[PDB]
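For reference, positions follow the sequence shown, starting with 1. We use all heavy atoms of the structure for the numbers below, so side chains are in, but hydrogens, waters and symmetry mates are not.
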Amino acid sequence: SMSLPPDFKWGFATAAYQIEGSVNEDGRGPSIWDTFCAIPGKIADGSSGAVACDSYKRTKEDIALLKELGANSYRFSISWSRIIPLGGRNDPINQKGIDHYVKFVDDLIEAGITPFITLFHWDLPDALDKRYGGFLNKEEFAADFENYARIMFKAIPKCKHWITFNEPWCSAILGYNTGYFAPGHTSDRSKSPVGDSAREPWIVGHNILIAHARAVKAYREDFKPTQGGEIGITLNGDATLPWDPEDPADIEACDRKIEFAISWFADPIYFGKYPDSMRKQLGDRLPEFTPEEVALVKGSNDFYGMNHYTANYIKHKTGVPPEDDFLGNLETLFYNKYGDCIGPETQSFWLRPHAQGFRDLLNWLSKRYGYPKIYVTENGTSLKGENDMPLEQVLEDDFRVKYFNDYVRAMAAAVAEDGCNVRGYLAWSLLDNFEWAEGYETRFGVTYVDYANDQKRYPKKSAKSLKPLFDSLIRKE
């Protein structure tokens with residue numbers, strides 16, 4: 001049973017650092033990612049966001065493409081350091097940067113496309129990291145984030161869909177536990193002169209919730225009454241299946257894994273507390289909200305922004321878990337007790353298709369959080385060996401066509417058959433782009449970008465497939 005409501009928003013998502021290029025043009029300051037790509041060995045292919053898809057100088061083209069593929073919606077991010085090159089509330093503002101994005105949103109609207117704007121998609125202005133360690137200073141980061149947020153709300157009142165943060169799990173665990181993503185912190189001194197993998201990620205997690213919540217209060221109080229619209233956070237998280245279906249403890253751990261990865265952020269936002277399972281394992285390394293903070297964070301999503309990619313078999317561990325643990329004392333696996341698989345490999349080691357899991361987690365999230373309105377702000381796939389393929393093979397991306405087919409249909413059952421209130425779907429990504437620590441080798445685009453020929457765009461077969469797919473599912477009235 002599969003049918004979406006008539007106002008259903010769909011289209012594509014990107015992020016600024018990953019597509020824009022023009023890293024130094026029009027007054028942009030460096031971000032923590034510009035610094036990180038400079039350190040040898042951090043980016044698999046020694047590359048950086050320099051140039052990327054040159055999208056900063058190609059708005060006209062990228063908009064014509066969206067319209068050509070039939071998208072009615074488009075999610076993208078604002079580079080903070082184009083608006084305030086040093087980032088802070090007392091630093092000079094870069095009006096060129098504001099103007100760029102205001103014009104882009106007008107062009108988008110002129111083309112019939114609904115903008116979804118992400119305020120923070122990992123490109124923290126470097127200066128704030130150097131000054132007070134960024135997310136690590138709660139009151140400093142919250143003030144600077146709130147300042148930045150308000151400038152944007154004032155300048156783009158036409159946007160009615162705002163996301164504060166993209167995937168804080170990534171910023172916290174990958175930034176401050178493993179050091180895989182900027183600013184590269186971890187306890188491992190062969191990788192970073194600074195960091196405490198056991199304590200920093202939870203502090204970062206905490207303070208981002210605070211900054212998020214300030215930004216939302218600010219939106220709801222000084223902008224919504226006159227400009228309308230909505231604001232929420234975007235959480236990622238993959239689905240879970242028990243590694244041994246007969247084992248009650250694996251079955252428990254399927255819930256626990258989700259709690260550590262998602263509810264970490266979502267419980268504070270719906271319930272004003274962290275999940276009990278996290279409190280138990282982590283103790284005093286998990287900060288505590290003040291009453292003033294509980295009231296700030298709790299109720300701070302107008303909608304549930306959701307990113308989703310894959311699933312894993314979950315196998316409980318016994319004992320006391322290491323200080324460094326963030327999973328919740330369990331393993332993730334792609335193969336279960338009886339040799340069943342999640343799915344075939346992609347170009348990303350962590351990513352395997354499992355549409356059923358998308359549906360399971362939509363249900364899980366809807367039950368736990370009272371059937372909130374959900375926007376799926378990222379879903380899509382890489383495809384193994386895609387960077388090595390001949391153009392004509394790349395464009396026949398049947399594997400990706402199939403990912404979208406199965407994942408979108410599984411979502412539509414989630415709505416029509418299970419009653420989850422999904423109101424939009426944004427495919428990651430419009431363009432092949434800079435995939436962070438893995439560089440340009442990993443391609444997520446529905447559009448091939450020929451980096452060696454002046455970033456030329458070639459819609460793959462996946463890109464054209466979405467319109468008819470959604471034509472088959474969106475009700476007319």
J.: Got a salt bridge between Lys402 and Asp398, using NZ or NE/NH1/NH2 to carboxylate O under 4.0 Å?
T.: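 Result for this pair is no, no salt bridge flagged.
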J.: So, are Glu345 and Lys384 salt-bridged, with charged N and O less than 4.0 Å apart?
T.: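 Result for this pair is yes, salt bridge flagged.
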J.: Within 45° of the six-membered ring axis of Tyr458 and under 6.0 Å from that ring's centre, is NZ or CZ of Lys456 located there?
T.: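 Satisfied, under 6.0 Å and within 45°.
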J.: For salt bridge (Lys or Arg N to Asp or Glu O under 4.0 Å), just list the numbers for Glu386 and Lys460, CA-CA rounded to whole Å, side-chain angles, deciding distance to a tenth of an Å, and then say yes or no.
T.: CA-CA 12 Å; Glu386 180 168 30; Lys460 308 171 194 199; 2.7 Å; yes
J.: Look at the rings of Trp33 and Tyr17 and say which category their plane angle falls in: under 30° parallel, 30 to 60° tilted, over 60° perpendicular.
T.: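 Tilted.
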J.: Pairs under 3.5 angstrom only: tabulate donor-acceptor contacts from the side chains of residues 388-396 to other protein residues two or more places apart or in another chain.
T.:
{"residue": "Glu396", "atom": "OE1", "partner": "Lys461", "partner atom": "NZ", "Å": "3.4"}

J.: When the ring centroid of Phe12 is compared with that of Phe76, is the distance short of 6.0 Å?
T.: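 No, too far apart.
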J.: Do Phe135 and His206 have ring centroids that are under 6.0 Å from one another?
T.: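 Not under 6.0 Å, so no.
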J.: Are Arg457 and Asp62 close enough for a salt bridge, meaning some N to O gap below 4.0 Å?
T.: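 Looking at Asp62 together with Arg457, the answer is yes, because their closest N to O distance falls below 4.0 Å.
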J.: Can you say whether the rings of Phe141 and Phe120 are parallel (under 30°), tilted (30 to 60°) or perpendicular (over 60°)?
T.: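 Judged by the thresholds at 30° and 60°, the geometry between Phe141 and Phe120 is perpendicular.
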J.: Would you call the rings of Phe349 and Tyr180 parallel, tilted or perpendicular if under 30° counts as parallel and over 60° as perpendicular?
T.: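 Correct class here is perpendicular.
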J.: Which class fits the ring pair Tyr304 and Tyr270: parallel under 30°, tilted 30 to 60°, perpendicular over 60°?
T.: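 Ring orientation of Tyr304 relative to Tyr270: parallel.
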J.: Grab the two heavy atoms, one from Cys37 and one from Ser47, that are nearest each other, plus how far apart they are.
T.: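 So the two residues come closest at CB-O, 3.8 Å.
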J.: Establish, yes or no, whether a centroid distance under 6.0 Å links the rings of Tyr425 and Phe8.
T.: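 No, the ring of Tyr425 stays outside the 6.0 Å limit from the ring of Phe8, centre to centre.
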J.: Within this structure, what is the CD1-NZ distance for the pair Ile210 and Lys138, rounded to the nearest 0.5 Å?
T.: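 Going from the CD1 atom of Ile210 to the NZ atom of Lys138 covers 6.0 Å.
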J.: Could you tell me the separation between the CZ atom of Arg443 and the OG atom of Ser348, rounded to the nearest 0.5 Å?
T.: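 That separation rounds to 13.0 Å.
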J.: Are side-chain N/O atoms of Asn433 and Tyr440 paired as donor and acceptor at under 3.5 Å?
T.: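 Judged by distance alone, the side chains do not pair up.
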J.: Should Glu230 and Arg423 count as an ion pair when the cut-off is N to O under 4.0 Å?
T.: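 No, this pair does not count.
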J.: Taking atom types as modelled and ignoring hydrogens, do the side chains of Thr186 and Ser192 form a donor-acceptor contact shorter than 3.5 angstrom?
T.: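 Absent: no donor and acceptor within the cut-off.
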J.: Measure centre to centre between the rings of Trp350 and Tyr309, then say whether the value is under 6.0 Å.
T.: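 Yes, close enough.
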J.: Less than 4.0 Å between a side-chain N and a carboxylate O, is that true for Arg359 and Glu417?
T.: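 A salt bridge is absent here (no side-chain N lies under 4.0 Å from a carboxylate O).
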J.: Could you give me the CA-CA distance, side-chain angles and deciding distance for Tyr74 and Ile63, then say whether side chain to side chain contact (heavy atoms under 4.5 Å, CB included) is met?
T.: CA-CA 9 Å; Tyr74 182 56; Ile63 293 177; over 6 Å; no
J.: Taking only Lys NZ, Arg NE, NH1 and NH2, and the carboxylate oxygens of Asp or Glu, determine whether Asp302 and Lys373 approach each other closer than 4.0 Å.
T.: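 Salt bridge flag = no for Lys373 with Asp302.
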J.: Quick one: closest heavy-atom pair of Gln281 and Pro321, and the distance?
T.: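 Closest approach of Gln281 to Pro321: CD-CG, 3.5 Å.
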